[PDB]
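Okay, so we've got the same protein chain twice, two forms, each given alone as structure tokens, structure 1 and structure 2.
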Structure 1
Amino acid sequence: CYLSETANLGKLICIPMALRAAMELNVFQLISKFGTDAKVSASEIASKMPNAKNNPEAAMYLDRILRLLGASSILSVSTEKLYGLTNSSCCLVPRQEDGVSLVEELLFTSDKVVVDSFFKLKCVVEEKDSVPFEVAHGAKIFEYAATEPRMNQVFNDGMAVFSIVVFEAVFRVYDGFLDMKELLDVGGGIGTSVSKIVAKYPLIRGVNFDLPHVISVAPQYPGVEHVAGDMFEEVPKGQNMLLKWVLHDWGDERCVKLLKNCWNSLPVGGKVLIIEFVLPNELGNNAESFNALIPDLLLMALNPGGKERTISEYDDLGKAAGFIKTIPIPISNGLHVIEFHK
């Protein structure tokens, strides 16, 4: 049965690298500009690639990429074959309104800096206190970002664009921003998250807090103030705080130190909102499971102590930091807002 399983196992590396090429060639957007329901040939797609205009062989090469994605349910195939979008590939078309899609976050998670870290993944099992990213690059990820402007941009934009589709889901379910007057986004990246909160809740004075190397490249957003610092040393005073995709980067002791910094900088009656994909109690072949397992594997490779957590585990961190009423609010497919009250 070797030669049945050669297909099942040997496709695993090929599919993501074919997807990355298709994203870099803007294939999904090019299909969409014929119409979202269009079914178009490799040569019709290539005709919209100015870089391919002197390459007679472009379409045949492109067809070889696309037919693999068609066999892998990323594109529809119909009888030169014609390719169309699927539910998955519609999420790779920059929206006509604002350019948002999953492309930036998927370009980050399959970036060479990440894949080179995954090549050292076995180190975390064999060697005490080793970090695959460190073994691969000779510095930790946030130190690396400070010296590597390309990686800094890919990572920051991955987080920022992904943040937009996350907050659209949050705002459909969660109303806890109403009546806030000030929000501090702790480890807020380039400030996109707090920009979207202020757009929905125009009375909030938004403050975005991150490392110098991130704040110095952040765009100016209406109703957002940027502040640079180090959240483990101290956090600015704020009436309310957000920690999105921060606690999952760090081990328990670092999380408790950060959360105690937050507690000291909140007023009586203030809250910190944790937004994370929560690890469910039973894992299976479903979105809730993979939405947690994907960043669980990435953080195991990328940063010391990083991991995904259950509701009980987030509650234990907040209680160790002095917070007293944990309120977990499911949003979508494992994404939660977890309120910690001071």
Structure 2
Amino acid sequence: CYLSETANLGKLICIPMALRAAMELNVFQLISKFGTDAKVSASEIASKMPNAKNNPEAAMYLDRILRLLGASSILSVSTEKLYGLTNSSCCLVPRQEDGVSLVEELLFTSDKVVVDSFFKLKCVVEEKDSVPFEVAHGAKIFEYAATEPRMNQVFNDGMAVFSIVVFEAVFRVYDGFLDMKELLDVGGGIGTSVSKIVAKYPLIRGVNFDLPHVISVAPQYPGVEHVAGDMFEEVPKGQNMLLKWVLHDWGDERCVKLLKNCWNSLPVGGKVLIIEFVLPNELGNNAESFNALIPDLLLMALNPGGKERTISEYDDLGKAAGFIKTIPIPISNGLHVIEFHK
């Protein structure tokens, strides 16, 4: 009956926006600053909030946003209501170690520019060659970013803090980093990714490869030697090559051409490591299943032409260039490390 689905389906938008506002207001942190498995009032949390000081009602409005995150299991409740951090609410407290937390990723996935793009998802389907983001902002995404600092930050801050947790995950399972001479990181960005590798495997020689306009600003890393160029023209010579989140940006023709350029500048007895989220064929309310789908949608909103992929499809791509024995390694919740051997 309807008055069922008015709640089931009507909560769907309400939760993320309530979460977002909580993140924006620190909440998840200010709560942790009180203790281990602690349990706090709205009136308290708002008391540890500078620009609330001037607002009386600060208390009651916060209690209304929180009880939603409560009922959502995103927070935990006791009785004046008392909220406390949860398993999948701890990823929102920045570590005292660095400052890391899922916050920066999530504030990006749900940014007005991402959602305003989603608000036009119905266009990939109706109009051929429509870019939701373009339809939504009337600029090529890279044009927009060039003139929109806040948008640029949010994207970079996000795919970084993310990349970190993605790498901590690979520096836990994967062993293949022991017994490497050099990795050549393709579309390596400004080298951070590999910087990380060089420092936990000094055994390795670091080559960051990306476009000249990128490389020119890349910081200087011990082990990381930068090299500018067009990976679609020619990847540089090397033994081990990284492709973390590069193939999902690109189609099939183009994905091959890059994977080809890698075979060439790679010796026999040597592999291209490809760090991705592999799309199961059995999609379910699995984090396996959802870690592929989130990007697919983001990829449809921001990059009509990219796509996440099933282990079947990587193996088709990473073979029509001339590889064999594509050895996929499960890492966590879908993070595979599809090895492409020459």
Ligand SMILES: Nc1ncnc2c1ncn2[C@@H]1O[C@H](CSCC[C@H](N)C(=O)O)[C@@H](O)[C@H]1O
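So that the term is clear: the rigid core is the largest set of C-alpha atoms that superpose within 1.5 Å between two forms. Here, residue number means position along structure 1's sequence, counting from 1.
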Of structures 1 and 2, the form solved without the named molecule: 2
Core-superposed comparison between structure 1 and structure 2: the option from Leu299, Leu273, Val278, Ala42 whose CA moves 2 angstroms or more: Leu273
After fitting the core, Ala169 CA displacement of 2 Å or more between structure 1 and structure 2: no
CA of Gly187, rigid core aligned, shift of 2 Å or more between structure 1 and structure 2: yes
Shift of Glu127 between structure 1 and structure 2 at or above 2 Å (CA, core fit): no
Cα shift between structure 1 and structure 2 at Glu308, which is computed once both forms share a superposed rigid core (Å): 0.4
After superposing on the core, C-alpha shift for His226 between structure 1 and structure 2 in angstrom: 6.4
Rigid-core-fitted C-alpha displacement of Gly138 between structure 1 and structure 2 (angstrom): 1.6
